[PDB]
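This is what each chain is made of:
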Amino acid sequence: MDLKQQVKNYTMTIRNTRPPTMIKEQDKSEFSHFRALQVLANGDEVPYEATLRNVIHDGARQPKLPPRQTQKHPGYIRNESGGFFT
Amino acid sequence: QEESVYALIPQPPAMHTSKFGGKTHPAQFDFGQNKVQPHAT
């Protein structure tokens with residue numbers, strides 16, 4: 001429609017052509033973590049952060065608003081004729 | 001990634017002395033003298 005949206009669409013087309021490979025959007029020390037764990041298994045002396053590994057995902061936006069409960073108490077409201085809601 | 005939680009955490013001489021061996025002594029050698037003395041020379 002316009003320059004900005006055409007650049008947007010081209011980038012999105014590239015994103016769709018490429019396989020997302022279910023990626024995790026952050027890569028920490030994989031083999032360093034494995035090596036540190038093997039060092040812990042026998043040598044029994046490894047730094048704590050060396051033992052640690054961290055992995056992140058997208059999760060979602062929308063930062064955990066509390067539930068609406070979608071439903072009252074089944075003593076106040078009745079369906080049309082006497083009858084619970086489901 | 002392969003669902004291998006069992007594989008997640010890994011949990012697993014004198015050289016020798018030859019018979020010929022020996023320090024060279026000033027004998028059995030025709031190149032040099034055949035004695036050893038404290039302070040001869």
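- The deposited coordinates derive from cryo-EM, with the record listing a resolution of 3.6 Å.

**Structural notes on the overall build of chain A**
Then step 1. For chain A, the count of helices and strands is three helices and zero strands.
Then step 2. For chain A, the sequential pattern of α-helices and β-strands runs α-α-α.
Then step 3. Against the globule reference of 12 Å for 86 residues, chain A gives a C-alpha radius of gyration of 26 Å, more extended than a compact globule.
Then step 4. Taking the principal axes of the C-alpha coordinates as reference, chain A spans close to 75 × 50 × 20 Å.

**Observations concerning unusual backbone geometry**
All names here are of chain A.
Then step 1. Within the chain, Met22 stands out as a residue other than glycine whose phi angle is a positive 40°.
Then step 2. Along the chain, the position of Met22 falls in the loop between α1 (3-17) and α2 (30-42).
Then step 3. Of the residues examined, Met22 reaches a relative accessible area of 81% and is grouped as exposed.
Then step 4. Here the phi dihedral of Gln69 falls at roughly 75°; this positive angle occurs in a residue that is not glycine.
Then step 5. Examined against the element boundaries, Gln69 turns out to sit in the segment after α3 (48-51).

**A word on the pattern of salt bridges**
Residue and element names in this part refer to chain A.
Then step 1. Going through the model one piece at a time under the given rule, you end up with two salt bridges over all chains.
Then step 2. A salt bridge links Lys24 to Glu30, with the nearest nitrogen and oxygen atoms 3.8 Å apart.
Then step 3. Residues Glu30 and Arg53 are paired through a salt bridge, measuring 2.6 Å at the closest nitrogen-oxygen approach. With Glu30 in helix α2 and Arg53 in the segment after α3, this residue pair connects regions lying 23 residues apart in the sequence.
Then step 4. The exposure class assigned to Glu30 is partly exposed, which follows from its relative accessible area of 29%.
Then step 5. The exposure class assigned to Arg53 is partly exposed, which follows from its relative accessible area of 38%.
Then step 6. Ionic contacts of the salt-bridge type, sharing partners, join the residues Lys24, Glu30 and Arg53 into one network.

**A look at the side chain of A:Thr51**
Residue and element names in this part refer to chain A.
Then step 1. Within the fold, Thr51 resides in helix α3.
Then step 2. Taking the relative accessible area as the measure of exposure, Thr51 reaches 18% and is therefore buried.
Then step 3. When neighbours within four sequence positions are excluded, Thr51 is seen to be in contact with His33, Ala36, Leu37, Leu40 and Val46.

Conventions used here
- Residues numbered from 1 in each chain as written, not as in the entry; some residues may be left out.
- Chains lettered and ligands numbered in written order.
- Part of a larger assembly, values for the part shown.
- Heavy atoms only, no water.
- Helix = DSSP H or I, 4+ residues; strand = E, 2+ residues; numbered from the N terminus.
- Rg over C-alpha atoms; globule rule 2.2 N^0.38 Å.
- Buried < 20%, exposed > 50% of the residue type's maximum accessible area, 1.4 Å probe, protein only.
- Salt bridge = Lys/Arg side-chain N within 4 Å of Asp/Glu carboxyl O.
- Contact = heavy atoms within 4.5 Å.

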